[PDB]
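One chain comes next, on its own, written out as structure tokens in the form deposited in one PDB entry.
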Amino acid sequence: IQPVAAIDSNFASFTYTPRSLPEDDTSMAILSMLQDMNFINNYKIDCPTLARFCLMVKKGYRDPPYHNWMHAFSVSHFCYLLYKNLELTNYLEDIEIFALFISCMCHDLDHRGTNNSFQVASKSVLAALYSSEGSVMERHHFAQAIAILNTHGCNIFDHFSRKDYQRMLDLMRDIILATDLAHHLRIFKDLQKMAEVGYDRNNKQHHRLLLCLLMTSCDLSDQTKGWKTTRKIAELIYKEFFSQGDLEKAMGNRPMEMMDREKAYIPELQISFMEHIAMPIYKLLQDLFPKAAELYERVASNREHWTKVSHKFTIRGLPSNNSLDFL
């Protein structure tokens, strides 16, 4: 019901930090964004159905440190930011943008704070079901979304045409699958070539690729805020990662270095992630949309901040307690 303007004057700016919104008001902000983008009217969405959907989606997230509902919410908010600041209506069809937003809400449903490889290593039921087709967790997220849509009172696409209903299911599947960084790294050349030749709004394949880039851009958008956010996020990511590393050690396996709390050097790991994964993503975004320049610039500054703060990970002088008893 509520107008975005009342939530905060800065709500539609790239400088806004949606994790600042209390968690009890996030479901209202989802409705407020959908209304502001005018999807509820355009597609005649039943508001009580939408409300029950939004709540079910929220309740469908578990509470690991990073991959929780506040992540889903902030990913979705970034999608709204892209629509508001880049005017995506000029580049994508309306149904594509809508599918992208709903995918953002659902893209990590029922995440257990472990990656795909752990699911397979540990022979989880999710691995038995999905490991043969790849992207184990992402297939699960989509299957959870489907189960939500088919829960009584929650099918927001109840009334759609068969063409639109199907297009929505196909878009959500492909977009949610696109959240696997393995997928992104596989299409990275195709994304570059599209940016060279130039985005062809008449090209159905270019629509598919742009949707993948935009979804990745939403998934990593925490890195486009200030230092304070990036610092908190690293805190959350690494607690989640180290917890999986601990589980892998109890299994008699050697975790990859980034999940091993005894070997992980956070500044190196973060700088490499920022330089080799996050930056190229927002560089591609900047090439496609000149108005996305500031996003790339924040990611690069956040990366430069990590170098500037790296020295603090070596103890100089004595510890605060004037003892070397930590040795």
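Residue positions are given as counts along the sequence shown, with the first one as 1. Shifts are known only where both forms have a C-alpha. We call the rigid core whatever largest set of C-alpha positions still superposes within 1.5 Å between the two forms.
Comparing the deposited coordinates for 111 to 119 and 90 to 98, the stretch with the larger average C-alpha B-factor is 90 to 98.
In this crystal structure, the stretch out of 204 to 212 and 67 to 75 whose C-alpha atoms carry the higher mean B factor is 204 to 212. Annotation for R162, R173, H183, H141: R162 ranks highest, by Cα B-factor. Ranked by Cα temperature factor within the chain, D190 sits in the highest third according to the deposited record. For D219, the recorded CA B-factor ranks within the lowest third of the chain. Only modelled residues enter the ranking. Split the chain's modelled residues into thirds by C-alpha temperature factor. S243 is in the middle one. Compared with the other modelled residues of the chain, the Cα B-factor recorded for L295 ranks in the middle third. When the modelled residues of the chain are ordered by their C-alpha B factor, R52 lands in the middle third.
Not pictured, yet referred to below: the form deposited in another entry.
Large C-alpha shift between the shown form and the other one, rigid core held fixed: of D180, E96, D110, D174, this applies to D110 alone, with a displacement of 2 Å or more. After superposition on the rigid core, the Cα of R208 moves by less than 2 Å between the shown form and the other one. The two forms, fitted on the rigid core, differ between the shown form and the other one by less than 2 Å at the CA of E294. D219 shows a C-alpha shift below 2 Å between the shown form and the other one [criterion: core-superposed Cα displacement of 2 Å].
The distance between the CA atoms of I277 and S122 is at least 3 Å shorter in that other deposited form than in the form shown here. In that other deposited form, the CA atoms of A121 and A182 draw together by 3 angstroms or more relative to this form. Once the core is fitted, the segments that move between the shown form and the other one, counting only runs of three or more residues with each CA displaced by at least 2 angstroms, are 110 to 139, 247 to 251, 256 to 264.
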